[PDB]
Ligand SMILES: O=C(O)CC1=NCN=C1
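For reference, the chain that follows is the form solved without ligand IZC, supplied as structure tokens.
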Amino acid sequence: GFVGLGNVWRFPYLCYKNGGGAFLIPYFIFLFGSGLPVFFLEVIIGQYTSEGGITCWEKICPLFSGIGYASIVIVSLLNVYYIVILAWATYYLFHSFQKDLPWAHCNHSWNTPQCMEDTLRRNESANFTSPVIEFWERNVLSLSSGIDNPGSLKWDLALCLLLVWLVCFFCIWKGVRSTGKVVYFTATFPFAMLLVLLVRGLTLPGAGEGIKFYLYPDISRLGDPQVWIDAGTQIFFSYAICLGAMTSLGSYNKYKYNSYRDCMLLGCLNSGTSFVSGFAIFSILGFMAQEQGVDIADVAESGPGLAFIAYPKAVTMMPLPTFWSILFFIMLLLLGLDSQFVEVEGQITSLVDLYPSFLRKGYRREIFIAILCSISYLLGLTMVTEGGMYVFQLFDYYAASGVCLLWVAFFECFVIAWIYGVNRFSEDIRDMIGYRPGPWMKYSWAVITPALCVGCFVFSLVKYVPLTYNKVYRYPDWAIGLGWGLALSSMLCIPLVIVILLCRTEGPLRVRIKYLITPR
């Protein structure tokens, strides 16, 4: 369950968006200084406090109980755009049943006169566009000229979104999840498919330059603020470690259960899966740049279509493309459906824990599933429009993988270390795990993760650069404002809860602070 679209889809395009080589240095810096400490942190908070989500910050500093509300906002927005990823994957899966895949050859209705098939491009020398980018942008995306031009609601993307939301409704509380078929399927089938796509990509001609672009850093790119924050929020994204999902996972664990080796195994496996998927996709992109005669950084989308360009293009250069296209997009749907089952189950669980007996279990709980799925549908219908990828990129940069993740991780590490105490928390960990954490975890919660999150947060503001889609489209200022509103809807869940809890507690400021930072 640490394998998913955040590994096989998000880390490749975030690496491609940030120059490839220079993305990995803040990636590993955040993975070691920040990401695995916060992973162990929320798993321990979910294990210590027997509940999770909001009411786990009741025996851990009740003043900062807004971390749960921040996680609820984050998981709602993540549910919306992560299910529209699944809608794109379903649209590709239904288009995979053709013998000749529509992104393989050049003569269709959506293709421009500037089309050329990929193997023919090196013979002709330059304003010539590959069929994978053409199929993506003008059949799947049906991409408009901006977010201020939404175009029209594209049909059958809404039907793919309806299919994946009906599968989510019929498998979360009207049904069950995978229990006995987890062996040899849905746990190693994505790893097998990643192995197949990796051994395809590494044996491709010209794929050495793609690995060179992937691994060798650009030191001048490390001074960009976007690289550090993209790497940090990619670590916090693929771990889902500002989400409440891992806190809810720790609630379904025993008290004296060893959850250190499990956490570092899951985190290192997740980051290694991301690294292997990056190897695969960037080898495919090196092959693509070799074939098309264009630069490696300009061969495909510098946005969230890289897994929908590089992987389908490698499926075309594979024996029997139809079979592997069907298996690959069923794999994408299985990864994203498992992660969406986990996150919608966590959102539903923490929302009915937020209001007990306002939603009774049984008849009215089932109505609440339909209500929340319908609301996330109507918020997801602005992403299957013509200009729906711009809304999606706004969500992916801002809603659940931006300064909100840095804010929640910094506030969790700060609350634990400097209000709850690293020594008191280590005493709790010793009582549960068996040993108190070493100086790595202690000084990461105390120094390294607050310093990294605060430094990248201020570095993304002093040298502010606007969000750009595919390196060419500058976003409008109202779109940046809407994305910042999406970020601040999670970010302001902490100080609004602080102000509310200070207002609802009587006494002077010192007495209120003392009552609300002493645990219950």
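The first residue of the sequence shown is number 1, and the count goes up from there.
Asks: With respect to the deposited sequence, is there a break between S125 and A126 in this entry, and if so is it 1 to 3, 4 to 9, or 10 or more residues, or none at all?
Replies: Some 4 to 9 residues are missing between them.
There is another form of this protein, the form solved in complex with ligand IZC, and it is not shown here; the text below is about that form.
Asks: Taking 4.5 angstroms as the heavy atom distance cut-off, pick the stretch from 238 to 246, 162 to 170, 210 to 218, 284 to 292 that is near ligand IZC in the entry with it bound.
Replies: Contact criterion met by 238 to 246 only.
Asks: Heavy atom within 4.5 Å of ligand IZC in the entry with it bound: which of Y398, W136, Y82, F411 fits that? Just give me the one.
Replies: Of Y398, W136, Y82, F411, the residue with a heavy atom within 4.5 Å of ligand IZC in the entry with it bound is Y82.
Asks: Using a 4.5 Å heavy atom cut-off, which residue among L197, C404, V299, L78 comes into contact with ligand IZC in the entry with it bound?
Replies: Partner contact (heavy atom, 4.5 Å) among the options: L78.
Asks: Even though the partner isn't displayed, in the entry with it bound is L516 close enough to ligand IZC, meaning a heavy atom within 4.5 Å?
Replies: No, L516 stays farther than 4.5 Å from ligand IZC in the entry with it bound.
Asks: Does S339 reach ligand IZC in the entry with it bound if we count a contact as any heavy atom within 4.5 Å?
Replies: Answer yes; at least one heavy atom of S339 falls within 4.5 Å of ligand IZC in the entry with it bound.
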